[PDB]
Amino acid sequence: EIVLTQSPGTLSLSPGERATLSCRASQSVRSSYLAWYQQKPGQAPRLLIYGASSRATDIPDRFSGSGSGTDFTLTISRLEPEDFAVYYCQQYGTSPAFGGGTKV
Amino acid sequence: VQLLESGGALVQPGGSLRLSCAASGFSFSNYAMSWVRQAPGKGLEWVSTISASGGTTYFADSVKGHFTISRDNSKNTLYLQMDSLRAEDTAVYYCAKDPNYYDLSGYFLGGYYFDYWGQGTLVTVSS
Amino acid sequence: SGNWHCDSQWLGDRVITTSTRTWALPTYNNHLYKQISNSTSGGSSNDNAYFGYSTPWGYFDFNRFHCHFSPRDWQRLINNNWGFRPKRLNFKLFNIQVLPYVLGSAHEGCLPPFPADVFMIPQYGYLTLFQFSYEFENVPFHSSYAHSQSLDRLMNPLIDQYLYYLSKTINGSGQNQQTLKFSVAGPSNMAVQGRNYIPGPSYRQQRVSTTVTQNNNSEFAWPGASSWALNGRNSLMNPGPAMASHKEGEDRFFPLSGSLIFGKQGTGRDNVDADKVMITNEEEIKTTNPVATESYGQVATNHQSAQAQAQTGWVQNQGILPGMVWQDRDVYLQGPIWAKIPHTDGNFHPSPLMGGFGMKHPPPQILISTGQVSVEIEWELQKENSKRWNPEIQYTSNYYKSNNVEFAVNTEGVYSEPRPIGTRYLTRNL
Amino acid sequence: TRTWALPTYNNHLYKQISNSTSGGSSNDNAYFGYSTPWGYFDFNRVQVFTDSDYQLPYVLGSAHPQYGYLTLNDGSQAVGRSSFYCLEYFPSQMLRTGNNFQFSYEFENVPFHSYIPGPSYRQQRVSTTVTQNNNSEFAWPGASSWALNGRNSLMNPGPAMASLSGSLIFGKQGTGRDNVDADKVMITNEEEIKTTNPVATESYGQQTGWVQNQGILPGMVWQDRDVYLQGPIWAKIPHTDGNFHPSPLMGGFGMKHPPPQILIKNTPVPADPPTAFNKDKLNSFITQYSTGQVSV
Amino acid sequence: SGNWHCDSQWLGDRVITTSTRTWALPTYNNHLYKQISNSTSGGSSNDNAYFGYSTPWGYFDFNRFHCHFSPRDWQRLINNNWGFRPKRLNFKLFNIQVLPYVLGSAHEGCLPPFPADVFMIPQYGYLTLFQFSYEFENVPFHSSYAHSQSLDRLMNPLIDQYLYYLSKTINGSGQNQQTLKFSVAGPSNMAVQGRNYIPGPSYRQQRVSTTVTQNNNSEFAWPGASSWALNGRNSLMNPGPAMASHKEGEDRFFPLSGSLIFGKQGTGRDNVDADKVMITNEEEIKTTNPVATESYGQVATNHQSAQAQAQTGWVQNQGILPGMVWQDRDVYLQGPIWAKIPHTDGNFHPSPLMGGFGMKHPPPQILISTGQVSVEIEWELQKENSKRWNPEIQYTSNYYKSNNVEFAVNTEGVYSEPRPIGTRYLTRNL
Amino acid sequence: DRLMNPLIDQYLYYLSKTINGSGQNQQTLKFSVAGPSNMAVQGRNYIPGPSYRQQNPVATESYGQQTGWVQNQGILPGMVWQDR
Amino acid sequence: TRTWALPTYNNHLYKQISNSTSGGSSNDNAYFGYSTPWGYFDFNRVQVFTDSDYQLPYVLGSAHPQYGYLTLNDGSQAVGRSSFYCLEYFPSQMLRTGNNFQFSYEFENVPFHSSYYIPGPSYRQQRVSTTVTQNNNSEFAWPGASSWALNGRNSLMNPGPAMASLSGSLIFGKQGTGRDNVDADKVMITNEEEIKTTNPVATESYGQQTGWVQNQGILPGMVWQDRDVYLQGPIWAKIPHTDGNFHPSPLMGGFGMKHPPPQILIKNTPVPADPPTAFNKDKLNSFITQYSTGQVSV
Amino acid sequence: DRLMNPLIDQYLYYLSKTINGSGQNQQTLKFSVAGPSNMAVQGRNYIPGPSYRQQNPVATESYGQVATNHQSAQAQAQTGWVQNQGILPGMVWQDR
């Protein structure tokens, strides 16, 4: 199969700061599409990115990601109180799979 | 788009139940549909996907043989039946939607990111 | 020296389509005739060996359908009609500001789908071993309908046949149980009934799963493809005889070469992913045609006897037999219109294999700075008389909100065609 | 000229039918369709209208009364393309006991019924001496077939070849319906045609290999299948982009516009309706059937 | 004495539909006339108070649409045309075997939609304090299209207006900051621009959601419903003025009394669940008509002064103003065709509220064992001329497999219509 | 408003019931056939003319109707009225 | 007669414009639409075609150059009912330097504009005084405004029903007036007071335990006068195509017409630059810069 | 089979590449334009005529190949030689 591993574990946010995060996937045969999800607790999740470099419909320009091959990243700026949460990278090239998640 | 889940109830191990996702706000026959589980101690995990016409259904190895997914286009509802449940199956099961539109012109390329998320029903297997 | 004519006119059983575009013709080969060959490009393989010439001339190409039909006019055509075909052609070249027939090989360089787009005239060439009017020769109506009945189910379900078939060859378990029993063919068993017509021809294809993990872990693109060898070179069979792309209710599989594959807007020339290119499946023809990826049937391979069992082998490719019916391949908004029939002693069912109207005298080549071009084709229509009670399947644009309306420009001004569109929506009896 | 007895069918009602309503069958045997209250006149071996536009499904070329039609299926289920035809929805002439009905029909031009040999699809050989047969069940397993949309269907009678499934078999008078021995049925043989046609059970031709089936080749001449006193006369040609040698494989004359269907039913006359208005349809009818004279 | 006619002819700009049904006429009230009122049935409320007679006479009512159209003929109509209206009428009654105008009230007892059904005649009745032909008086075409623009977006997005609006009434935070500031109405702010025309009238309804948990936990069916009072009797407002059913994106909400609701085949009389009925929406007219559950707008309720702020109030019901434009209510396959305009000294826009054609002289009542009815209406069509580039939304059957075919009969021979079908698919510019 | 046929049912439904009974979380939608038994809730094609209250509709009665009363009504499409 | 200067717009490209393109951020002002390379002539105060079937969106009635139109939207997105019109898909006339173009139009019959039982309708407005101190010291421009809601969006009621003198008047600029936040002496505020006899005052109640009538629809017995026309004001309008309307005369004044004078659409035919000489599939994005000028007499 | 214009690309695609190679579990589908670089794989409207093997296609050559099975994870795509081929719609042939 394909194993996905979130590189950063965690950090906590006070508003105004910004940081980036990534995940590495074993084999990483197809890199065109990967998706990033952000989950608020106690309620259904919501989408962020769709495709290696394409931002979502209701998501602010400051959300971004890039990658190809095994390594992929999620690069976000102007990062505000609502954004301290878990980040999920999905590799759907094969049957869908998630990384463990990175809670920033 | 409104996805609604029914049939999530406590079930003792070795006992089955049938979840149903009643959907509206989209065509629903032209889009593939997936189930994705979240165990309270863990994050999101994908279970199975069914195509818009129902021709193709694939599963995760974790759920293989206990689970089956079917859909009824006429009734606009998505079914997931869980048989011979174990204790490791307890979670909120979310009904998720595929972005890609499906016609008899064209094929099913597979699963993609999950567009929209219903309010997941919560199944607990414990005795 | 000319005006701007773009529209469509729907009158009775005919359609008048008018397309006017802007062209730009560079000087090619710098006013010379150059020789080109595989060796000039390196000639890596035997099958790709070629020889011929390249000429300075350009040509106007309007073979594809979307040139002549707006996406609305195409919908208006396919939902309301059981057939269509061209009648008369009119060409005008104006506002100028300074042979081998290659039009039928599905080449690029035709007028842009969108009238505000300006295009570059292609370079003419061939291989070896102002206004005018045109008249289309008589061709059969393209069949833009899908059969509502299948070839094997034409029977009346309520009544037995008077024919008899052989139901049982033995009494039971033991030695010397041989017997011959004859049941009558009846609705309880419809497989065994005698039939007047049999499904069309087949030349088998290899099925590729769109889910890649189910496919074999090897390179089978060429080694496992269907092919036909001409004069020692093996040519790929593409798209091939018209056959259903998949069985009823199978969306995942497609025949390897057995389809026409269109690229989406902005798609790269080499090694693009499956999402990038639009594959077309001819599944509307399953009712009368064998599936491209399945065998035609079985045949007995021997004479049974006391010590020998009846044996059957598989029939991979089947020719023509008396009593066959079939459907031709469908035509698309992005597909070719006509193809010139190769001049030969004889041919069978000359209709071309990529779709469209085969013609022995197709529209001639126009050989030829910037200017304008206005092409006008007259199309004849065939209305539906169907008595069907329940509503048909229609081509519809999805109502749900999206970032960009389909078949239109984006924010950056690029016209796109989001999906391949077939002509078969309305239905008929078989 | 005959005299017909036509009853009421389905109590003036259209019934969706499927293999599941018939017990479920198997994959090759699956079907979906509708059965109609209307009857029909089949000589191919009160309300009435003929379908001259061929707008209804044509059942008369199946070598088979009640009329019903089959449509597309995935199984015991119907797909979107499947169509439903209401026979009430044509104009029809309603004849009382003294009224007459007649129509004339002009046949379209067709050939009079009569280099390497013609095409072949091999058949298994069966001996009328049961001791020469093999001691196993080879009826279906050893039978030549063709598959359409994933369903197998026996090749019957198939391309014309000179004498298993490749011959017409007629029943003797009062023949039993099921599992009847050979002397109960009349098994025809085509061997008249062995001049221009290959032996049905023999290979077509030919290290080397045996060629079991051969499609059309330029330079073939062949004879069509024989016609019989019991056999069919004509068969409709399926409306399609292409066909080859449209003559039907059971024999007779293939026609793009064959003789039309003639549909007949007893006009429903309701029984005594209730004395207060009920919007539901009336299911209470007077038991009835009709009779008359047929001439062609 | 007659024949059976059940086919339709689509000829040019006209449609000729001919239906024929089998009927049964009993004797009502045993050949008697009888006074009837509520005092017989107990008449608990003055709202239900009625007085009238019941006659042994029957009548034939073909008024609903699905009498004259098949599901395919209805599709063929609504996809291809911007308008229609009836022209002539033909009624025939044959094969016999042994005043107050009530036809405009959407009663049951009309000829069945499926030609193989035998229908029973409704008994004639009224309240108070063989063949013939007919000529429909001239009515405006029904508008079977949905606007491709909205009333407030008619403007050119690229250009400023030459009108000014008052942007600022003060400079900023502080005492004595009053000012008058004027800005150019332009693309950046479209809300404040001046416009020539305003949306149609609104008479407010109450909003109910198909999701029961979002509704209030109290009984408001009759209490919370809009109504109009006449001489001490409160009539529910049904369906009421034509207004959009819901705002864009909210499909679970519908006006309480504001929509036309149909039963599914086999649905009981009283207190059926929401899955048994087919609620209808007027979302097509949202562009020029106010949402039924929203206020029309706001007004000034006072004078502002140094001591008085600007106060506003909501307009729940707005009548006609000069300049308004509105769409009438859509017609459905199951809905009524015509009504009779009440004879009065004056009326405004007589088009009936349940949809269809208002007529001062509608098709006359037919007052009348068993037999045959054959009714024939002629229809006039208004063709679609639009230049729209991208494809339309069309009414379509569903591609997927199912147990039963929609608009057909099941295994027991019951005929049903799965959903209501409107006439508005094609579009026009506002 | 009485123009209906008293003997026949409409094919139109009205919402008759928003709750099963007394209790908590009892919400429901029940629909019934509007017909002779209840003539107030039936669908109608025409409504009375406009009214501006004095201290056809009645002069001292409100035109119609949480809800609130209509103390004046302008013209609406579908109205009929008698002159003076 | 004038002399026109027509530039080349949007690189000869049709382009989707929407709410998010302009920065969005507001739902009431959200829109979705297109901008065209074609220009047009507006007197309501090289290729050419007029729309005599009225098949294009009609922008000449908004009291406003480059031609653009708006279609249906949800948010800034596009519902399937949204239309896209390519103006290249009309037949048009192509004029070289010596060529000319003209057409004649016949106005459909309208009554003469008047220039001179109970009073007519009213929809009340807020009263604003030109003296700043007389007005309340608070931001009441949008909060105190008269609006009508359509599909959840609140548009100002402007100018509104015809009444005698906030938003109920036409406001014109004085020569050299800024585009943003200009003072009160830089704008001309018209008055309709000529009609004050037959019509109610815009800022007043229509009439009347009693209670106030802040808006009154039409009644039998109402007489009213429409809005006067101005030398700087509009002439006509296009009556929207609908099942019904009342008193089609437009609210900004002038002559309402269901088939008003046709739009006149014009553009400069593109001339491509040097082609690459090696055949390419792509469309040509390289255009020789060009612009035109000429004469127009209406 | 050479009737094409050698200077231009088709707008049609073929499946060039099924696996990345030199590894386990490498599987993909890559599509390339059909063009002058590889002319064996282009879609053609007409195919050569019939053949009956001897000891228009060459008389001593097999007409072509077909797929004789369904490939899968455990099954390699198999072919078979067509020794004789009857008429197919679209064939052209020269007589003797």
# chains A, B, ... in the order shown; residues from 1 in each chain; ligands from 1
>>> interface_residues(of="chain A", to="chain G", cutoff="12 Å", atoms="only C-alpha atoms", output="ChimeraX atom specification")
/A:57-58,60-61
>>> closest_atom_pairs(of="chain E", to="chain B", cutoff="10 Å", atoms="only C-alpha atoms", output="tab-separated table")
residue	atom	partner	partner_atom	distance
E:249	CA	B:25	CA	8.2
E:250	CA	B:25	CA	8.7
E:251	CA	B:25	CA	7.2
E:252	CA	B:25	CA	9.0
E:398	CA	B:29	CA	8.5
E:399	CA	B:104	CA	7.4
E:400	CA	B:53	CA	6.4
E:401	CA	B:73	CA	8.3
E:402	CA	B:74	CA	6.8
E:403	CA	B:74	CA	8.9
E:404	CA	B:74	CA	9.7
E:406	CA	B:74	CA	9.9
>>> write_last_selection(atoms="C-alpha atoms", output="PDB file, in the first residue's frame")
ATOM      1  CA  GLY E 249     -29.926  27.439  -1.859  1.00  0.00           C
ATOM      2  CA  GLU E 250     -32.701  26.580   0.615  1.00  0.00           C
ATOM      3  CA  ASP E 251     -34.666  23.653  -0.801  1.00  0.00           C
ATOM      4  CA  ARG E 252     -35.993  22.347   2.497  1.00  0.00           C
ATOM      5  CA  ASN E 398     -32.801   8.949 -15.082  1.00  0.00           C
ATOM      6  CA  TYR E 399     -30.050   6.767 -16.533  1.00  0.00           C
ATOM      7  CA  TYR E 400     -29.769   4.238 -13.715  1.00  0.00           C
ATOM      8  CA  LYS E 401     -31.434   0.870 -13.286  1.00  0.00           C
ATOM      9  CA  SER E 402     -34.541   0.622 -11.113  1.00  0.00           C
ATOM     10  CA  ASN E 403     -37.201  -1.879 -10.098  1.00  0.00           C
ATOM     11  CA  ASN E 404     -39.976  -0.074 -11.971  1.00  0.00           C
ATOM     12  CA  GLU E 406     -41.220   5.904 -14.016  1.00  0.00           C
TER      13      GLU E 406
END
>>> interface_residues(of="chain A", to="chain H", cutoff="12 Å", atoms="only C-alpha atoms", output="number ranges by chain")
A: 1-2, 26-31, 93-94
>>> atom_distance(atom1="atom CA of residue 8 of chain H", atom2="atom CA of residue 124 of chain C")
8.5 Å
>>> residues_around(residues="segment 184-187 of chain D", least_positions_apart="6", cutoff="10 Å", atoms="only C-alpha atoms", output="number ranges by chain")
C: 163-165, 181-184; D: 167-177
>>> write_last_selection(atoms="N, CA, C and O atoms", output="CSV table (one decimal), in the first residue's frame")
chain,number,residue,atom,x,y,z
C,163,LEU,N,-40.6,-24.4,-31.8
C,163,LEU,CA,-39.4,-25.1,-31.9
C,163,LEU,C,-39.0,-25.9,-30.7
C,163,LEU,O,-39.4,-25.5,-29.6
C,164,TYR,N,-38.2,-26.9,-30.8
C,164,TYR,CA,-37.7,-27.8,-29.8
C,164,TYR,C,-36.2,-27.8,-29.7
C,164,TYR,O,-35.5,-27.6,-30.7
C,165,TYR,N,-35.7,-28.0,-28.5
C,165,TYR,CA,-34.2,-28.0,-28.3
C,165,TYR,C,-33.9,-29.2,-27.4
C,165,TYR,O,-34.8,-29.8,-26.8
C,181,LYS,N,-33.3,-36.2,-24.7
C,181,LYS,CA,-34.6,-35.6,-24.3
C,181,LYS,C,-34.7,-34.2,-25.0
C,181,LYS,O,-33.7,-33.5,-25.2
C,182,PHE,N,-35.9,-33.8,-25.4
C,182,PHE,CA,-36.2,-32.5,-26.1
C,182,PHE,C,-37.3,-31.8,-25.3
C,182,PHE,O,-38.4,-32.2,-25.4
C,183,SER,N,-36.9,-30.7,-24.7
C,183,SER,CA,-37.8,-29.7,-24.2
C,183,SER,C,-38.2,-28.7,-25.3
C,183,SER,O,-37.5,-28.6,-26.3
C,184,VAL,N,-39.4,-28.1,-25.1
C,184,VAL,CA,-39.7,-27.0,-26.0
C,184,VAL,C,-39.2,-25.7,-25.5
C,184,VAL,O,-39.1,-25.5,-24.3
D,167,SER,N,-30.2,-27.0,-36.3
D,167,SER,CA,-31.3,-27.5,-37.1
D,167,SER,C,-32.6,-27.2,-36.4
D,167,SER,O,-32.7,-27.3,-35.2
D,168,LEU,N,-33.6,-26.9,-37.2
D,168,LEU,CA,-35.0,-26.8,-36.7
D,168,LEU,C,-35.5,-28.1,-36.3
D,168,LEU,O,-35.2,-29.1,-36.8
D,169,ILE,N,-36.3,-28.1,-35.2
D,169,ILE,CA,-36.9,-29.3,-34.6
D,169,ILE,C,-38.4,-29.0,-34.4
D,169,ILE,O,-38.7,-28.1,-33.5
D,170,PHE,N,-39.2,-29.7,-35.0
D,170,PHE,CA,-40.7,-29.6,-34.9
D,170,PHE,C,-41.3,-30.7,-34.1
D,170,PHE,O,-40.7,-31.8,-34.1
D,171,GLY,N,-42.3,-30.4,-33.4
D,171,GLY,CA,-43.0,-31.5,-32.6
D,171,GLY,C,-44.1,-32.2,-33.4
D,171,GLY,O,-44.8,-31.6,-34.3
D,172,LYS,N,-44.2,-33.5,-33.1
D,172,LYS,CA,-45.3,-34.3,-33.7
D,172,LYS,C,-46.6,-33.9,-33.0
D,172,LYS,O,-46.6,-33.4,-31.9
D,173,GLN,N,-47.7,-34.3,-33.6
D,173,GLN,CA,-49.0,-33.9,-33.1
D,173,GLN,C,-49.1,-34.4,-31.6
D,173,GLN,O,-48.9,-35.6,-31.4
D,174,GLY,N,-49.5,-33.5,-30.7
D,174,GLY,CA,-49.6,-33.8,-29.3
D,174,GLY,C,-48.4,-34.2,-28.6
D,174,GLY,O,-48.4,-35.0,-27.6
D,175,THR,N,-47.2,-33.8,-29.1
D,175,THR,CA,-45.9,-34.1,-28.4
D,175,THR,C,-45.9,-33.6,-27.0
D,175,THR,O,-46.3,-32.4,-26.8
D,176,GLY,N,-45.4,-34.4,-26.1
D,176,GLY,CA,-45.2,-33.9,-24.7
D,176,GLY,C,-44.2,-32.7,-24.7
D,176,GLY,O,-43.4,-32.5,-25.5
D,177,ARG,N,-44.4,-31.9,-23.6
D,177,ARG,CA,-43.8,-30.6,-23.6
D,177,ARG,C,-42.3,-30.7,-23.1
D,177,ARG,O,-41.5,-30.0,-23.6
>>> interface_residues(of="chain C", to="chain G", cutoff="6 Å", atoms="only C-alpha atoms", output="list in words")
residues 3, 4, 5, 6, 7, 26, 115, 118, 119, 122, 398, 399, 400, 401, 402, 403, 405, 409, 410, 411, 412 and 413 of chain C
>>> select_by_dssp(residues="segment 224-383 of chain E", states="helix (DSSP H, G or I)", output="ChimeraX atom specification")
/E:274-276,283-287
>>> residues_around(residues="residue 57 of chain F", least_positions_apart="5", cutoff="10 Å", atoms="only C-alpha atoms", output="mmCIF file with N, CA, C and O atoms, in the first residue's frame")
data_model
loop_
_atom_site.group_PDB
_atom_site.id
_atom_site.type_symbol
_atom_site.label_atom_id
_atom_site.label_comp_id
_atom_site.auth_asym_id
_atom_site.auth_seq_id
_atom_site.Cartn_x
_atom_site.Cartn_y
_atom_site.Cartn_z
ATOM 1 N N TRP E 228 -57.503 35.547 3.703
ATOM 2 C CA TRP E 228 -58.305 36.702 3.330
ATOM 3 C C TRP E 228 -59.733 36.495 3.809
ATOM 4 O O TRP E 228 -60.329 35.437 3.596
ATOM 5 N N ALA E 229 -60.269 37.514 4.471
ATOM 6 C CA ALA E 229 -61.576 37.446 5.108
ATOM 7 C C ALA E 229 -62.647 37.992 4.178
ATOM 8 O O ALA E 229 -62.472 39.049 3.566
ATOM 9 N N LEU E 230 -63.752 37.261 4.062
ATOM 10 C CA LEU E 230 -64.891 37.709 3.271
ATOM 11 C C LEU E 230 -66.153 37.502 4.091
ATOM 12 O O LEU E 230 -66.533 36.361 4.364
ATOM 13 N N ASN E 231 -66.797 38.605 4.474
ATOM 14 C CA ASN E 231 -68.092 38.581 5.158
ATOM 15 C C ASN E 231 -68.091 37.619 6.346
ATOM 16 O O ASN E 231 -68.929 36.720 6.448
ATOM 17 N N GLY E 232 -67.134 37.800 7.251
ATOM 18 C CA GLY E 232 -67.051 36.993 8.446
ATOM 19 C C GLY E 232 -66.385 35.647 8.268
ATOM 20 O O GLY E 232 -66.042 35.008 9.269
ATOM 21 N N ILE F 47 -59.481 36.208 -5.612
ATOM 22 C CA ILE F 47 -59.567 36.782 -4.272
ATOM 23 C C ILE F 47 -60.311 38.105 -4.384
ATOM 24 O O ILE F 47 -60.359 38.717 -5.462
ATOM 25 N N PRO F 48 -60.917 38.574 -3.293
ATOM 26 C CA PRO F 48 -61.710 39.804 -3.360
ATOM 27 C C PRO F 48 -60.839 41.037 -3.536
ATOM 28 O O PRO F 48 -59.621 41.012 -3.347
ATOM 29 N N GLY F 49 -61.494 42.133 -3.907
ATOM 30 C CA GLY F 49 -60.819 43.370 -4.219
ATOM 31 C C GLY F 49 -60.184 44.048 -3.023
ATOM 32 O O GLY F 49 -60.205 43.540 -1.898
ATOM 33 N N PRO F 50 -59.596 45.216 -3.256
ATOM 34 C CA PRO F 50 -58.856 45.911 -2.200
ATOM 35 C C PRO F 50 -59.772 46.563 -1.177
ATOM 36 O O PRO F 50 -60.943 46.842 -1.430
ATOM 37 N N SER F 51 -59.196 46.830 -0.007
ATOM 38 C CA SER F 51 -59.936 47.404 1.105
ATOM 39 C C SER F 51 -59.063 48.396 1.854
ATOM 40 O O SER F 51 -57.881 48.148 2.099
ATOM 41 N N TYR F 52 -59.661 49.529 2.210
ATOM 42 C CA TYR F 52 -59.028 50.524 3.071
ATOM 43 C C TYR F 52 -60.023 50.809 4.186
ATOM 44 O O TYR F 52 -61.051 51.446 3.945
ATOM 45 N N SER F 62 -60.723 43.647 8.624
ATOM 46 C CA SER F 62 -59.395 43.618 8.028
ATOM 47 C C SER F 62 -59.393 42.721 6.801
ATOM 48 O O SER F 62 -60.159 41.758 6.713
ATOM 49 N N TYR F 63 -58.517 43.040 5.849
ATOM 50 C CA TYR F 63 -58.460 42.255 4.625
ATOM 51 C C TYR F 63 -58.040 40.823 4.913
ATOM 52 O O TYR F 63 -58.549 39.883 4.293
ATOM 53 N N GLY F 64 -57.127 40.633 5.857
ATOM 54 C CA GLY F 64 -56.662 39.301 6.180
ATOM 55 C C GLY F 64 -55.464 39.358 7.103
ATOM 56 O O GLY F 64 -55.256 40.335 7.822
ATOM 57 N N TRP F 81 -63.719 42.536 -8.092
ATOM 58 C CA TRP F 81 -64.454 43.434 -7.210
ATOM 59 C C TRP F 81 -65.649 44.018 -7.946
ATOM 60 O O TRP F 81 -65.707 44.031 -9.178
#
>>> closest_atom_pairs(of="chain F", to="chain D", cutoff="12 Å", atoms="only C-alpha atoms", output="tab-separated table")
residue	atom	partner	partner_atom	distance
F:7	CA	D:277	CA	8.7
F:8	CA	D:277	CA	8.2
F:9	CA	D:279	CA	9.0
F:10	CA	D:279	CA	10.8
F:11	CA	D:279	CA	10.1
>>> write_last_selection(atoms="N, CA, C and O atoms", output="PDB file, in the first residue's frame")
ATOM      1  N   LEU F   7     -69.695  18.306  -3.845  1.00  0.00           N
ATOM      2  CA  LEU F   7     -69.707  16.853  -3.813  1.00  0.00           C
ATOM      3  C   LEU F   7     -68.353  16.220  -4.105  1.00  0.00           C
ATOM      4  O   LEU F   7     -68.198  15.010  -3.905  1.00  0.00           O
ATOM      5  N   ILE F   8     -67.368  16.993  -4.551  1.00  0.00           N
ATOM      6  CA  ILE F   8     -66.150  16.426  -5.112  1.00  0.00           C
ATOM      7  C   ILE F   8     -64.945  16.902  -4.313  1.00  0.00           C
ATOM      8  O   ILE F   8     -64.931  18.008  -3.761  1.00  0.00           O
ATOM      9  N   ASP F   9     -63.928  16.045  -4.251  1.00  0.00           N
ATOM     10  CA  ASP F   9     -62.648  16.366  -3.641  1.00  0.00           C
ATOM     11  C   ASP F   9     -61.743  17.105  -4.621  1.00  0.00           C
ATOM     12  O   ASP F   9     -61.771  16.873  -5.831  1.00  0.00           O
ATOM     13  N   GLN F  10     -60.926  18.002  -4.081  1.00  0.00           N
ATOM     14  CA  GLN F  10     -59.800  18.540  -4.826  1.00  0.00           C
ATOM     15  C   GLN F  10     -58.717  17.476  -4.929  1.00  0.00           C
ATOM     16  O   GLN F  10     -58.657  16.547  -4.120  1.00  0.00           O
ATOM     17  N   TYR F  11     -57.868  17.605  -5.945  1.00  0.00           N
ATOM     18  CA  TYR F  11     -56.675  16.767  -6.005  1.00  0.00           C
ATOM     19  C   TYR F  11     -55.509  17.436  -5.300  1.00  0.00           C
ATOM     20  O   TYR F  11     -54.376  16.947  -5.352  1.00  0.00           O
TER      21      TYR F  11
END
>>> interface_residues(of="chain H", to="chain D", cutoff="12 Å", atoms="only C-alpha atoms", output="MDAnalysis selection string")
chainID H and resid 49:55 81:96
>>> residues_around(residues="segment 5-12 of chain A", least_positions_apart="6", cutoff="10 Å", atoms="only C-alpha atoms", output="count of residues only")
23
>>> atom_distance(atom1="atom CA of residue 21 of chain C", atom2="atom CA of residue 95 of chain C")
11.4 Å
>>> residues_around(residues="residue 196 of chain G", least_positions_apart="5", cutoff="8 Å", atoms="only C-alpha atoms", output="MDAnalysis selection string")
chainID G and resid 163:164 201
>>> residues_around(residues="residue 341 of chain E", least_positions_apart="4", cutoff="9 Å", atoms="only C-alpha atoms", output="list in words")
residues 347, 350, 351, 352, 358, 359, 360, 361 and 362 of chain E; 45, 46 and 80 of chain F
>>> interface_residues(of="chain F", to="chain G", cutoff="7 Å", atoms="only C-alpha atoms", output="number ranges by chain")
F: 50, 73-75
>>> write_last_selection(atoms="N, CA, C and O atoms", output="mmCIF file, in the first residue's frame")
data_model
loop_
_atom_site.group_PDB
_atom_site.id
_atom_site.type_symbol
_atom_site.label_atom_id
_atom_site.label_comp_id
_atom_site.auth_asym_id
_atom_site.auth_seq_id
_atom_site.Cartn_x
_atom_site.Cartn_y
_atom_site.Cartn_z
ATOM 1 N N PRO F 50 -59.596 45.216 -3.256
ATOM 2 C CA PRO F 50 -58.856 45.911 -2.200
ATOM 3 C C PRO F 50 -59.772 46.563 -1.177
ATOM 4 O O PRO F 50 -60.943 46.842 -1.430
ATOM 5 N N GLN F 73 -55.119 46.994 1.798
ATOM 6 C CA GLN F 73 -54.562 46.171 0.736
ATOM 7 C C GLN F 73 -54.656 46.933 -0.570
ATOM 8 O O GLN F 73 -55.693 47.529 -0.869
ATOM 9 N N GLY F 74 -53.569 46.925 -1.333
ATOM 10 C CA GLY F 74 -53.591 47.409 -2.692
ATOM 11 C C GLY F 74 -53.976 46.308 -3.650
ATOM 12 O O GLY F 74 -54.292 45.184 -3.266
ATOM 13 N N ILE F 75 -53.949 46.647 -4.939
ATOM 14 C CA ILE F 75 -54.306 45.670 -5.957
ATOM 15 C C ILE F 75 -53.306 44.524 -5.950
ATOM 16 O O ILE F 75 -52.102 44.723 -5.765
#
